[PDB]
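Below is one structure; the comments refer to it alone.
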Ligand SMILES: *[C@@H]1O[C@H](CO)[C@@H](O[C@@H]2O[C@H](CO)[C@@H](O)[C@H](O)[C@H]2NC(C)=O)[C@H](O)[C@H]1NC(C)=O
Ligand SMILES: *[C@@H]1O[C@H](CO)[C@@H](O[C@@H]2O[C@H](CO)[C@@H](O)[C@H](O)[C@H]2NC(C)=O)[C@H](O)[C@H]1NC(C)=O
Ligand SMILES: *[C@@H]1O[C@H](CO)[C@@H](O)[C@H](O)[C@H]1NC(C)=O
Ligand SMILES: *[C@@H]1O[C@H](CO)[C@@H](O)[C@H](O)[C@H]1NC(C)=O
Ligand SMILES: *[C@@H]1O[C@H](CO)[C@@H](O)[C@H](O)[C@H]1NC(C)=O
Ligand SMILES: *[C@@H]1O[C@H](CO)[C@@H](O)[C@H](O)[C@H]1NC(C)=O
Ligand SMILES: *[C@@H]1O[C@H](CO)[C@@H](O)[C@H](O)[C@H]1NC(C)=O
Ligand SMILES: *[C@@H]1O[C@H](CO)[C@@H](O)[C@H](O)[C@H]1NC(C)=O
Ligand SMILES: *[C@@H]1O[C@H](CO)[C@@H](O)[C@H](O)[C@H]1NC(C)=O
Ligand SMILES: *[C@@H]1O[C@H](CO)[C@@H](O)[C@H](O)[C@H]1NC(C)=O
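Chains as they are written, first to last, in the entry's author numbering: chain R, 1028 to 1075; chain P, 932 to 1146; chain L, 304 to 399; chain Z, 592 to 621, 641 to 676, 689 to 827, 854 to 883; chain C, 740 to 829, 854 to 931.
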């Protein structure tokens, strides 16, 4: 995820968080890694 | 050519693979040696114990050996399974690298080699698969001033596929990964909305190549 | 287990600081527990009736009980007799 | 109480050693530089920071290179340079370099078989009967090892056998200036193994009731699958 | 030490058993290396640490939580600094708990480098020498990958920046 999501955008759906993925920011915790995922979701719809 | 030289000059390439080979060999060797250990018994060799002991006594000592020997076997099988599972994961990854780098191109960054993976080749190794990764890395970078949108008539264009890059004399559009400069034109742009809203914008000309030809 | 060693870090043996002195701080009481009045007495009771002559608050000895009387049987369970000298028990009971 | 680890550059290079007692205070017992991972004795703490060499613990690393003496550095990670940033400044590459990187992953291990009866109770029938009382132990062990061997065979099938047909490279060498001679099979050499593969093979290097079963796929057969995939990719 | 304890007599019986004593220690050490090595694989993704740019211009994006604070000790980000605060709120015998190869401090630097790398150079740093790019411009590329045209980002960068800032 660190290589796949932080370094470049991941095409695989639901690899990074939920929805379309723009980028991820790595975080450090004791004995763990916390990832913040930036994702694009379509809010509103009009029928056509 | 370099890779051939690197492989012949050191055992480090196979260290990741070799560690697995050595570690498995060492585990088997310990267990085999175990046979020598008494495990609380009168004597290590099984036949020797049977030869010098009457059945009831021999019964007890045999049981002791089996318990000691059963435990030894259990450790090996338990040890082997964990290693087997670990190897299995590599094969899936191993099998994945065998097919995915090799068949098609992987858009995922750093999954195969370092940098953009153009193609990959796999070389058989004893008890392992070696993957050679061809990747594209951009060596040289030249500083350029850039802006997001260009306002021509109060409508601002954006690049169709490339960031706007200006030496500082004129504004041209080049692909973000290699420096190719193309005179900005309608063909390389599209105009949406009005150039008041965009945070960063630079006034610039448009070519309209059909206009000089028509006249 | 090899003549030649590659560069690295290897752990070979544990290091224990070894204690400089042995310090014994047994209870200060001088009074000694008596085993004669229970051993060597006028008469005991019936085998269906016993007396737990509980022993507490004194300092015992057991080497005296090895050659003074040659006992017919002497089976020390859960304990090694000869080492009974160097450990402090709790609420010793005698039966007869 | 503490474990002792001796840091050696390597027997071949030198005989000098550095011993780090693990956890014990440096003053304890008899250049006893006191670290945070224990109490090193036989190394000189430098002020400079180099790449890791002989890892120790909590930062400190030991190297045989600074006439010669094992020195323990603080293991700084990388050179700190900040890419020049601005809203109006961009950098675009003018040249590109193609490179080859090798990643090495294990696919299988020696299929090992152990008869439970023969190792545990030996030749004697008397001893074997005692083993029977335990019952399912023997059988369970044999089954697990058999399963592992099958997985070792299966893992190979999955990793290499992704192609139904063994494609064979064209006699023509018109590959648009790419020389693939080393990676591709050589007709002169036995087992149809590529030159790069040969080097890899060279570098890697009934006994007592334990039997190593033959691999389901031979080394030569594995090379063909690998050769086929490579052949298929180029063509 | 654990099984036999201090006494020499207890040790002799352990010798009879074999290399079980020795084998168990080896397995634990392997595990110990993995936890350090694991860390190495996960965080040593960058060849060289990149200092965070002094200029904070983020093209309308506020990264104060994510990025490390110089004033604060230990170089841990607001998110990062606080996480240790939360975790804190949330040998002795036969057992030595060895320290890791990478000190928590060092791990902090690695994370910062990736964060610094991502913002300043996009995905260029992953594949080679990091290339400085405008953040707005980087985001523009990101939209293109997911099929939303870059103009879209530029038209309402302000709206996007606020949502991102609010989300963080
Ligand atoms: C228990 O009986 C034994 C044996 O009679 C006593 O041991 C004798 O004690 C006297 C007086 O101290 C000594 O002079 C003798 O040498 C000892 N041996 C024998 C065989 O008489 C012992 O004192 C009595 N009481 C106990 C142990 O409490
Ligand atoms: C791009 O990089 C390549 C590879 O470094 C350059 O090719 C070299 O150019 C130098 C100078 O002309 C020659 O002496 C070398 O023989 C070339 N090969 C190598 C491997 O260095 C190339 O000049 C660079 N620039 C381009 C194509 O614009
Ligand atoms: C289009 O059709 C539905 C009909 O139920 C309508 O309510 C709404 O405007 C549109 N639907 C969605 C899911 O956006
Ligand atoms: C852009 O600037 C470079 C550097 O001065 C120059 O070589 C190039 O000619 C410029 N573009 C044009 C059209 O002159
Ligand atoms: C770029 O950032 C600087 C910060 O000093 C600011 O003065 C300038 O107006 C900005 N320009 C653009 C085009 O964003
Ligand atoms: C760009 O054009 C706009 C038109 O509204 C004008 O306000 C501005 O001064 C111009 N800037 C430059 C640098 O030409
Ligand atoms: C070691 O003991 C000395 C005793 O003076 C003390 O100053 C030092 O802080 C101790 N350090 C450790 C890790 O025990
Ligand atoms: C781009 O940025 C620097 C700023 O000092 C500039 O001088 C040089 O042309 C380039 N060098 C870099 C990014 O190191
Ligand atoms: C390819 O490599 C082989 C072996 O080094 C060599 O004989 C051959 O000349 C090389 N190049 C071409 C174009 O064949
Ligand atoms: C970001 O938010 C912090 C938190 O208050 C503030 O101090 C800082 O000035 C803001 N910086 C921006 C928008 O660059």
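Note that the Cβ used here is the ideal one computed from N, Cα and C, for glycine as well.
Residue i CB to nearest heavy atom of ligand 10 below 6 Å
i	result
residue 795/C	yes
residue 824/C	no
residue 925/C	no
residue 709/Z	no
Any C-beta of chain R under 7 Å from that of residue i
i	result
residue 951/P	no
residue 1094/P	no
residue 1107/P	no
residue 819/C	yes
Helix, strand or coil at residue i according to DSSP, with G and I counted as helix
i	result
residue 631/Z	What the structure lacks is residue 631/Z: chain Z is numbered 621, then 641, with the residues between left out.
residue 1133/P	strand
residue 927/C	helix
residue 789/Z	coil
residue 1052/R	strand
residue 658/Z	coil
residue 1126/P	coil
residue 811/C	coil
residue 1087/P	strand
residue 937/P	helix
residue 1103/P	strand
CB contact check: residue i to chain L, cutoff 7 Å
i	result
residue 600/Z	yes
Neighbour flag for residue i against chain P, beta carbons, 7 Å
i	result
residue 1072/R	no
residue 1051/R	no
residue 900/C	yes
residue 1038/R	yes
residue 790/Z	no
Check: residue i C-beta below 6 Å from any heavy atom of ligand 9
i	result
residue 939/P	no
Chain-order list of residues whose beta-carbon lies under 6 Å from that of residue i (same chain, five-residue window excluded)
i	result
residue 775/C	863, 864
residue 957/P	none
residue 698/Z	659
residue 901/C	885
residue 791/C	806, 879
residue 741/C	857
Cβ-heavy atom distance, residue i to ligand 8, below 6 Å
i	result
residue 1074/P	yes
residue 706/Z	yes
Residue i Cβ short of 6 Å to ligand 6 heavy atom set
i	result
residue 1135/P	no
Neighbour flag for residue i against chain Z, beta carbons, 7 Å
i	result
residue 883/C	yes
residue 1019/P	yes
residue 859/C	yes
residue 321/L	no
residue 767/C	no
Nonlocal neighbours in the same chain, by C-beta distance under 7 Å from residue i, ignoring five residues either side
i	result
residue 750/C	743
residue 1045/R	1066
Residue i beta carbon near ligand 2 (any heavy atom closer than 6 Å)
i	result
residue 717/Z	yes
Residue i: CB within 6 Å of a non-hydrogen atom of ligand 1
i	result
residue 974/P	no
residue 343/L	yes
residue 245/L	Residue 245/L is absent from the structure shown; chain L starts at 304 and stops at 399.
residue 381/L	no
Check: residue i C-beta below 6 Å from any heavy atom of ligand 7
i	result
residue 618/Z	yes
Distance cut-off 6 Å: residue i Cβ against heavy atoms of ligand 5
i	result
residue 1131/P	yes
Any C-beta of chain C under 7 Å from that of residue i
i	result
residue 1086/R	With chain R covering 1028 to 1075 only, the question about residue 1086/R has no answer from this structure.
residue 665/Z	yes
Close-in-space but distant-in-sequence residues of the same chain around residue i (CB under 8 Å, 5 per side omitted)
i	result
residue 1036/P	1048, 1049, 1050
Test: residue i CB closer than 7 Å to a CB of chain A
i	result
residue 1046/R	This model lacks chain A altogether, as its protein chains are R, P, L, Z and C.
* To do: Any chance you could list the residues with Cβ under 6 Å from a heavy atom of ligand 4, keeping chain order?
  => Per the Cβ criterion, the list is 1098/P, 1100/P, 1101/P.
* Asked: Around ligand 9, what residues have a beta-carbon under 5 Å from a heavy atom of it, in chain order?
  -> Every residue passing the under-5 Å Cβ criterion appears here: 801/Z, 803/Z.
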